[PDB]
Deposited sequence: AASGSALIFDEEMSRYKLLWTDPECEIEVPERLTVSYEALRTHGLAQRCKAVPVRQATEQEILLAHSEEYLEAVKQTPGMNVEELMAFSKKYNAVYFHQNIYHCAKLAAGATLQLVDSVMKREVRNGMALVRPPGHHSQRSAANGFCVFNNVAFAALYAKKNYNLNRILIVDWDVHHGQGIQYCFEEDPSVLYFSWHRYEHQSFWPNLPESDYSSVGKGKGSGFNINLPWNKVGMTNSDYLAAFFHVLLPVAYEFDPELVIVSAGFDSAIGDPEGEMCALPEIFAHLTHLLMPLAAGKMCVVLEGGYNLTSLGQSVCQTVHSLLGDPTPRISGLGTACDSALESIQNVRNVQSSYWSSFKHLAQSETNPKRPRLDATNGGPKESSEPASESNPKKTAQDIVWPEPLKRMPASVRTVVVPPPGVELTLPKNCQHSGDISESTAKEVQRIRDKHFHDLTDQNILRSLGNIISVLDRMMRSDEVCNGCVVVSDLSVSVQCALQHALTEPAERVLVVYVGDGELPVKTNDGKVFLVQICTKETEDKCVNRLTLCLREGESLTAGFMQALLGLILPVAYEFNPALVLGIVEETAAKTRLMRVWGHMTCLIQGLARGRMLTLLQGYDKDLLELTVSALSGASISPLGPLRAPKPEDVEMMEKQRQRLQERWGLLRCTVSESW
């Protein structure tokens, strides 16, 4: 399986610029590329990526997305003086030309194709191309919005042609609408395009009626274009995450793409003068992380915009950090999306309910500027520690390790004297294991998480939970797959309990989420709907300092456990301890793999979830979203 992250960059692409005064074009400057690469070097991230050389896109490759007439016209700009370059630029909207931009445009496109080849050939797991000029406004026969050729559109067409891919997801988190990409694929059901964008009721550039939520695609492509317009500026981390949990992710995981391309413009970040949004650079670590379980991790990030040189550097680093597998930063202060965003989200979910299973229930009434510098993200020396049953060695990834100090055995003895009587000296070894593993996870930046096999559940959970609380980790999220009651107190806002079980138990209060799904062929899609629509929104708002996972010995969800384990590491900087009750070699090996940062096998498209399950899940949302507003995907009723 593949490893490493490509970083594709060439300082040649910084060698064109604006040659006349035009305050509207003043902001697209060569220093965007230098500052972004220099910031990756400063943080040691460029050095950890495989540098892959830039190349020129060939004429045949340019013609996958552009017309001969347009290519021939752009091919003449190297020979133009400034006057002729000005006259040529003015035939297009918000774009300037330079003697070297044709050269650089061919490099930006070839760079993008280099990234596609490295990922699809399994030479790297994923990667990023830092390119200029950007691509996503570019169209078959026109330059537009600083774009000459459509870098991302190239990549999807090239990947279709040369790797025979049937499903490609393009995520455009730039702050502008990538209409070039929408036009290119509006009739193609094999490319799914998602874009959020500053819109302001069509008053924001490019001022297009078809950037609205009602553009779903055309003909065979209906439902494979998703526009989420932002109708006010100042959108926050909560707005972006609500967009992911309630629009993009439910559709992406159902589409099940074979490759993910990101149109990664960072003008959607705080401080940018074009976007005027308020999302912190750290949010891009999570936008990246949330998409990485797709397509076995095959993800091509390509730079588009971003004009605040400071927030540009930081959001590029957060992105590459996440591509490299580094632990994600904690996101605090999450809440409801604002009313404007909830309206946009509700509107796109409704118009898309004809085409996607996660929105289907909406169709029938029977069912319906300065900001703090980001903290450091040092990867753990050994990411994952594992404690199998005694004397069971197993092939572990190069960054895992097996596990009892004298200090620890004293604590275990102390705890048993006071709270347990018990003398099964094996489940006493379990307690030294749990405590040894927990103390490495928290006291050390050298271990990130771990998994422990245990015999007796109740004493296991108590010591894990209590040792973590009294450590102190302010908040602990507990995710329990099994039935019955555990020694867990949802008494205060220090513990939130997610429980996935098989008996429908009434839910008391807003610090427990109990999911009882009907067992059958639909159990897998239901679990994914709950994960993306219920569990992740609450968990992100809760913001735990540790995640405690618990599986009782009984199989039925061996297919989704790796997706949950990967996604749940967006919380608590990845600090998760999993307790597996009883040895199960497959579940144990699956758990360690996802904890260790490995790629997760695709789910494939699965059987649509049972309506009874969706009913259960929306009753949970109704019950919890007044407390946990990141669960909202409709505007609330005013009094």
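Unmodelled regions of the deposited chain, listed from N- to C-terminal end, are 369-399, 435-436, 454, 589-591.
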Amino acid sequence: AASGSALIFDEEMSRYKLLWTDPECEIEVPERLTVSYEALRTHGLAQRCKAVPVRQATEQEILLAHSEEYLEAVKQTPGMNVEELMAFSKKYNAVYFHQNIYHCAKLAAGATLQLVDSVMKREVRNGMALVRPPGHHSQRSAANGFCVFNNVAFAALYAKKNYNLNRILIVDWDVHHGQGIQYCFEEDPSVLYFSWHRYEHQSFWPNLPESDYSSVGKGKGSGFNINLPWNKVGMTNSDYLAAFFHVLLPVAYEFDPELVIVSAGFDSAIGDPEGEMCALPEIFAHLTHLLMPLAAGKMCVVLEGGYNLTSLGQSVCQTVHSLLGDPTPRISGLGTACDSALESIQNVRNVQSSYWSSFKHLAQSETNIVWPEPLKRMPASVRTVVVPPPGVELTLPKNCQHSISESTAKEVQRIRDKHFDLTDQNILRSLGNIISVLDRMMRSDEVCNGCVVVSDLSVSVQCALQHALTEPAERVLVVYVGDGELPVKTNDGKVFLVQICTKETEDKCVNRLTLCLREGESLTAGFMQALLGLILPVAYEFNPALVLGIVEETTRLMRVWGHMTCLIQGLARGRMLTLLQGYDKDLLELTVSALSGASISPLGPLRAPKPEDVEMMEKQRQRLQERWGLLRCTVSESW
From here on, numbers count along this sequence of modelled residues.
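Just so we're on the same page, rigid core means the largest C-alpha set that superposes within 1.5 Å between forms.
Note on 139-147 and 558-566: with rigid core alignment, C-alpha atoms in 4 other deposited structures of this protein sit farther from this form for 558-566. In 4 other deposited structures of this protein, superposed on the rigid core, the segment with the larger root-mean-square CA displacement between 355-363 and 386-394 is 355-363. In the comparison with other entries of the same protein, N368 is left without coordinates in at least one third of those covering both sides of it. Notably, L606 is an intermittent gap: at least a third of the other compared entries of this protein, restricted to those modelling both its neighbours, have no coordinates for it. Stretch comparison (610-618 versus 31-39) by mean CA B-factor in the PDB entry places 610-618 on top. As listed in the deposited structure, the average C-alpha B-factor of 234-242 and of 436-444 is greater for 436-444. Of the candidates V320, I261, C501, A87, it is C501 whose Cα B-factor is highest according to the PDB record. Of the residues listed, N227, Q364, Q99, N151, the entry assigns the biggest Cα temperature factor to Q364.
Placement of the Cα temperature factor of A1 within the chain: highest third of the modelled residues, per the deposited record. The deposited CA B-factor of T310 belongs to the middle third of values across its chain. Per the deposited record, the Cα B-factor of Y158 falls in the middle third when ranked against the other modelled residues of its chain. When the modelled residues of the chain are ordered by C-alpha B-factor, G271 sits in the lowest third. In this PDB entry, the Cα temperature factor of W561 sits in the top third of its chain's modelled residues, the highest group.
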